[PDB]
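Here is the structure we will look at, set down as structure tokens.
Laboratory data are not the source of any read-out in this text; all were calculated from the coordinates shown. Note: ideal-geometry Cβ built from the backbone for every residue, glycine included; neighbour counts use all protein chains shown.
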Protein chains: 2
Amino acid sequence: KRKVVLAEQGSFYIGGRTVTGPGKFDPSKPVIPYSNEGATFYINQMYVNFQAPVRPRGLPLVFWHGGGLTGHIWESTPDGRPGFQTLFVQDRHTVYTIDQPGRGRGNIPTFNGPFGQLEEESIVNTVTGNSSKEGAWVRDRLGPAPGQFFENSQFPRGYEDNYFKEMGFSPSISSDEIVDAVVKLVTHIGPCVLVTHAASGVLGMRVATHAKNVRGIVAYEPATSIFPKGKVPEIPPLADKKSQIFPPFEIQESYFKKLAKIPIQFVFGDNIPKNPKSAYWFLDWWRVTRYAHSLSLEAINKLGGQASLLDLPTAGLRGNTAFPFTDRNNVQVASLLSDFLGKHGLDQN
Amino acid sequence: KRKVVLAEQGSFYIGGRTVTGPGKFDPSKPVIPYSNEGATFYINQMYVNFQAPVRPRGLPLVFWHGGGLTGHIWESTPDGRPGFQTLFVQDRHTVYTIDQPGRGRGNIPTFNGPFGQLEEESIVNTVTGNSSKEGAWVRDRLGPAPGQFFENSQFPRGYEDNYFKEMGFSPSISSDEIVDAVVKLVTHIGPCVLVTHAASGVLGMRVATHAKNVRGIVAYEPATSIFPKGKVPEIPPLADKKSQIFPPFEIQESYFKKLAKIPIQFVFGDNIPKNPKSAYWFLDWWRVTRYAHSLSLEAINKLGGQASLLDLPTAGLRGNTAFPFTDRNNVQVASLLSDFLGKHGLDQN
Ligand SMILES: COC(=O)c1ccccc1S(=O)(=O)NC(=O)Nc1nc(C)nc(OC)n1
Ligand SMILES: COC(=O)c1ccccc1S(=O)(=O)NC(=O)Nc1nc(C)nc(OC)n1
Ligand SMILES: COC(=O)c1ccccc1S(=O)(=O)NC(=O)Nc1nc(C)nc(OC)n1
């Protein structure tokens, strides 16, 4: 199970832009402490890793981590089992894993001065946000409250420290620039499949509307819904009568219709409630967010699309968290992804 | 040259601690926007990647990136040629690559509030520092001034953007906590060899004094010298008669002596002046820094050690930058590393 044979592997940077400080750089002056004077800074670039099997079959897969994560989540599970990178190289796909701008080996744009500030220009905000262990516990549906596990959980229990250590903050890089970096990657690699997760769900949908090389999307637990501009359906508030899900992203209809041209599958784990759950904010949030996604997929299908929602429990898999690709049954989750790729010929040359 | 057969690969997090916000966490209350209330945050953990060959020989190698870098520099060169990770898995060594705390997939400790601040506790500074392209150009001795190459350069010209894109800031995590994470990794791995670079040179020396499992060190272009406490020799200022090199790190003699028990090699590239060069601050800085390191190695040898300085031009390799392991002749640089490992019995089981 662990052996893997690579025809080649590597990593590279792509995308981003440059910003400049004032003045001129004098090489005879002390270079350290570092100065903005005469400075050119590369910002908002993305890190990309690839592993290619011998004699690949079908399209390369681009695995895109969720919010506050990195490509680590596709490399290994918290308890050290093979991640989807290894499983799909073994399945004879070339596999790209990214650290998007602002995360991991992607660029964090900061300079000499308060965080994110280049002289008088605010590239990203100095004030950050970041989930706690407790927030992530309920966000990812390990259980209804920190320390608790749902019955039949597939979380790798005992490896909580490993799991939460993989998570961190994201600077306020614009989503436009994150999407731009991945569009450039898709141009670089050719026809490919995007496999997204939570926060990258809506970003991957956006990439597909700008990049015809995206030939399919599988989105694990996408966090933000997407609709044609002015056609967002009625979406109820949460059971606490006061909160709402994330404002759906709206794109022009001519771009939205590009989503009807490729196979798209949204995948959800277990323990999303059917009924309002006022006592558990993030469980109720997932209920209404999944509902909004069902309407988004229906809108894609009314325009001639091939969009579907897979609830893992209906496929016979019980207990998955919001990271099904690192849960204890991730091999079975991978099998369902192989099934999708095979159904649409994305595993053939 | 590109193929690699892995018995296993993966990644994991190790080291770090936790800090806590005030108050308690209520799962019924809105979890987003994220709050410090009731929060546990994992901070200062390190990312570790490993690739293991079939039938490994000798000790595992731990590759430790320089300042503002990540394990990318061991994966691939800026122009896409195999890095030392691939070369030494092919040489039948298990290879670990790290993103140290505060870099890449390592943790950047920030919360909900101004960067690095947890309520009124400053975990890392809000004001950052970061090299420009211009500062890094002369730091790494691509040439004497930005945009200019030494005639003999081994840099992969044309891939400047790719190269500079791999560099970024480091938050003010204490060096103690960075050393702590790698000591914990070395305890987990068992006997190994540290391969360090620039800023991680002094940190690897410190790790060796705390971890008998470190059985050898090869340091490329180390940036800070180390001496026994109270025994720093006379080191001249730079040619501008105002600047100094980095204040040498001082450790108790009992720990310093541990450096005499293992083979240690410092490796320097080309274009470091023999004579004072006041027009080019970083060239002169490298002259005096290399001199300080020569005295450091001499001090280890006077304690019965086996500490050597390898200037790559004396081995027939001309024009290397301060990243010899990603230069155009990196295969030849690797050969010299294999020779060190072999001579010292580190390539046998
Ligand atoms: C892995 O888990 C998630 O990925 C994840 C999963 C579920 C919800 C949220 C996230 S997230 O933390 O990244 N945030 C996100 O998708 N975007 C977003 N949108 C708005 C409008 N506000 C905020 O506030 C943070 N975030
Ligand atoms: C994921 O499920 C829970 O999280 C969960 C849910 C409810 C209770 C307990 C757990 S548990 O997992 O902590 N522990 C558990 O189940 N213990 C247990 N021990 C014995 C000795 N026998 C039996 O059952 C016969 N159960
Ligand atoms: C890849 O290049 C290097 O590794 C590298 C190479 C040569 C010099 C500097 C660096 S560095 O930028 O990271 N900084 C470093 O080693 N430590 C350090 N120590 C002091 C006392 N001040 C500062 O200020 C920056 N830094």
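Got a number for residues in the stretch A:310-324 being of a type in the set (A, V, I, L, M, F, W, C) and under 15 Å from A:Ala223 (Cα atoms)? Quick ask: steps written out before the conclusion?
Taking the stretch A:310-324 as the starting set, the residues that turn out to be of a type in the set (A, V, I, L, M, F, W, C) are A:310, A:312, A:315, A:317, A:322-323.
Then keep just the ones that are under 15 Å from A:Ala223 (Cα atoms); that gives A:322-323.
Number satisfying all stated conditions: 2.
Could we say that B:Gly129 is under 26 Å from B:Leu317 (Cβ atoms), within 7 Å of chain A (Cβ to nearest Cβ) and within 19 Å of the chain's Cα centre (by Cα) here? Working first, answer last.
Numbers: under 26 Å from B:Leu317 (Cβ atoms): no; within 7 Å of chain A (Cβ to nearest Cβ): yes; within 19 Å of the chain's Cα centre (by Cα): yes.
When the stated conditions are applied, B:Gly129 does not pass them.
Which condition breaks for A:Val331 when tested against (1) surrounded by fewer than 17 Cβ atoms within 10 Å (Cβ to Cβ); (2) free of Cβ contacts under 8 Å to residues at least 60 places away in the same chain?
(2)
Exactly one condition in (1) within 16 Å of ligand 2 (Cβ to nearest atom); (2) on the phi < 0 side of the Ramachandran plot; (3) surrounded by fewer than 20 Cβ atoms within 10 Å (Cβ to Cβ) is false for A:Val183; which is it?
(1)
Name the one entry in A:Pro247, A:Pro263, A:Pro233, A:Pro276 that is within 14 Å of chain B (Cβ to nearest Cβ) and more than 14 Å from ligand 1 (Cβ to nearest atom). Lay out the reasoning, then the answer.
Numbers: A:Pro247 fails: more than 14 Å from ligand 1 (Cβ to nearest atom); A:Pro263 fails: within 14 Å of chain B (Cβ to nearest Cβ); A:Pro233 fails: within 14 Å of chain B (Cβ to nearest Cβ).
When all the criteria are applied, what remains is A:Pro276.
Please go through the stretch A:133-147 and give me each residue that is more than 7 Å from chain B (Cβ to nearest Cβ) and either within 15 Å of ligand 2 (Cβ to nearest atom) or part of a loop (DSSP other than H, G, I, E, B) (or both), ordered by number.
Pass one, the stretch A:133-147, residues more than 7 Å from chain B (Cβ to nearest Cβ): A:136-137, A:140-143, A:147.
Hits for the stretch A:133-147 are A:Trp137, A:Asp140, A:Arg141, A:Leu142, A:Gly143, A:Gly147.
Could you say whether any residue in the stretch B:258-269 is within 13 Å of ligand 3 (Cβ to nearest atom), buried (at least 20 other Cβ atoms within 10 Å of the Cβ) and not in a loop (DSSP other than H, G, I, E, B)? It would help to see each step written out before you state the result.
Taking the stretch B:258-269 as the starting set, the residues that turn out to be within 13 Å of ligand 3 (Cβ to nearest atom) are B:268-269.
Filter once more, keeping what is buried (at least 20 other Cβ atoms within 10 Å of the Cβ): B:268-269.
Then keep just the ones that are not in a loop (DSSP other than H, G, I, E, B); that gives B:268.
Taking every residue of the stretch B:258-269 in turn, at least one turns out to be within 13 Å of ligand 3 (Cβ to nearest atom), buried (at least 20 other Cβ atoms within 10 Å of the Cβ) and not in a loop (DSSP other than H, G, I, E, B).
Could you tell me whether B:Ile235 is closer than 24 Å to B:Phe63 by Cβ and among the aliphatic types (A, V, I, L, M)?
No, not satisfied.
Among the residues of the stretch B:2-21, how many are of a type in the set (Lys, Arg) and either at the interface with another protein chain (Cβ under 9 Å from one of its Cβ atoms) or buried (at least 17 other Cβ atoms within 10 Å of the Cβ) (or both)? It would help to see each step written out before you state the result.
Going through the stretch B:2-21, the residues of a type in the set (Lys, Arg) turn out to be B:2-3, B:17.
Imposing the further condition that a residue be either at the interface with another protein chain (Cβ under 9 Å from one of its Cβ atoms) or buried (at least 17 other Cβ atoms within 10 Å of the Cβ) (or both) reduces the set to B:2-3.
Of the residues in that region, 2 qualify.
Which ones in the stretch B:292-328 are loosely packed, with under 14 Cβ neighbours inside 10 Å and closer than 24 Å to B:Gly135 by Cα?
Result: no residue meets the conditions.
Could you tell me whether the stretch A:86-94 includes any residue that is of a type outside the set (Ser, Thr, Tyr), within 16 Å of A:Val333 (Cβ to Cβ) and within 16 Å of ligand 1 (Cβ to nearest atom)? Spell out the reasoning first.
The initial filter retains those residues of the stretch A:86-94 that are of a type outside the set (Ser, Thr, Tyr), namely A:87-93.
From the residues that got through so far, the ones that are within 16 Å of A:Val333 (Cβ to Cβ) too are A:87-88, A:90-91, A:93.
Those still in the list that are within 16 Å of ligand 1 (Cβ to nearest atom) too: none.
No, the stretch A:86-94 has no match at all.
Is it true that some residue in the stretch A:305-327 is within 20 Å of A:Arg215 (Cα to Cα) and part of a loop (DSSP other than H, G, I, E, B)?
Going through the stretch A:305-327, the residues within 20 Å of A:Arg215 (Cα to Cα) turn out to be A:305-310.
Okay, now just the ones that are also part of a loop (DSSP other than H, G, I, E, B), so A:305.
Yes, the conditions are met somewhere in the stretch A:305-327.
Please go through the stretch B:148-178 and give me each residue that is crowded, with 21+ Cβ neighbours inside 10 Å, outside any loop (DSSP other than H, G, I, E, B) and more than 8 Å from every other protein chain (Cβ to nearest Cβ), ordered by number.
B:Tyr163, B:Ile178
Restricting to the stretch A:288-300, and then to whatever is over 18 Å from the mean Cα position of the chain (by Cα) and without any contact (Cβ under 8 Å) to a residue 24 or more places away in the chain, can you tell me which residue is nearest to A:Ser335 (Cα to Cα)?
Out of the qualifying residues, it is A:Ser294.
Quick one: in the stretch A:192-240, which of the residues that are among the charged types (D, E, K, R) and touching a residue at least 12 places away in the same chain (Cβ under 8 Å) is farthest from ligand 3 (Cβ to nearest atom)? Let's see the steps before the verdict.
Just the residues of the stretch A:192-240 that are among the charged types (D, E, K, R), to begin with: A:206, A:212, A:215, A:221, A:229, A:231, A:234, A:240.
Adding the requirement that they be touching a residue at least 12 places away in the same chain (Cβ under 8 Å) leaves A:206, A:212, A:215, A:221, A:229, A:231, A:240.
Working: A:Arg206: 35, A:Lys212: 40, A:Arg215: 40, A:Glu221: 38, A:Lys229: 47, A:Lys231: 51, A:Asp240: 48 Å.
Here the answer is A:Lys231.
Only one of A:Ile245, A:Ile272 is touching a helix residue (DSSP H, G or I) at 6+ places or on another chain (Cβ under 6 Å), part of a loop (DSSP other than H, G, I, E, B), of a type outside the set (D, E, K, R) and in contact (Cβ under 8 Å) with a residue 60 or more places away in the chain. Can you tell me which? Break it down into steps so the answer makes sense when it comes.
Details: A:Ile245 fails: in contact (Cβ under 8 Å) with a residue 60 or more places away in the chain.
Going through A:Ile245, A:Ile272 in turn, just one is touching a helix residue (DSSP H, G or I) at 6+ places or on another chain (Cβ under 6 Å), part of a loop (DSSP other than H, G, I, E, B), of a type outside the set (D, E, K, R) and in contact (Cβ under 8 Å) with a residue 60 or more places away in the chain: A:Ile272.
In the stretch A:22-42, which residue that is facing chain B (nearest Cβ under 7 Å) and in contact (Cβ under 8 Å) with a residue 24 or more places away in the chain is farthest from B:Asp79 (Cα to Cα)?
Taking the stretch A:22-42 as the starting set, the residues that turn out to be facing chain B (nearest Cβ under 7 Å) are A:25, A:27-31, A:33-34, A:38-42.
If we keep only those that are in contact (Cβ under 8 Å) with a residue 24 or more places away in the chain too, we end up with A:33-34, A:39, A:41-42.
Values: A:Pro33: 29, A:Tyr34: 27, A:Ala39: 24, A:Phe41: 20, A:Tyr42: 17 Å.
The selected residue is A:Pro33.
Are any residues in the stretch A:304-316 touching a residue at least 40 places away in the same chain (Cβ under 8 Å) and touching a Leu at 6+ places or on another chain (Cβ under 8 Å), and if so, which ones?
Keep residues of the stretch A:304-316 that are touching a residue at least 40 places away in the same chain (Cβ under 8 Å), which gives A:304-313.
Listed by number, the residues that qualify are A:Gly305, A:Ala307, A:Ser308, A:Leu309, A:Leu310, A:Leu312.
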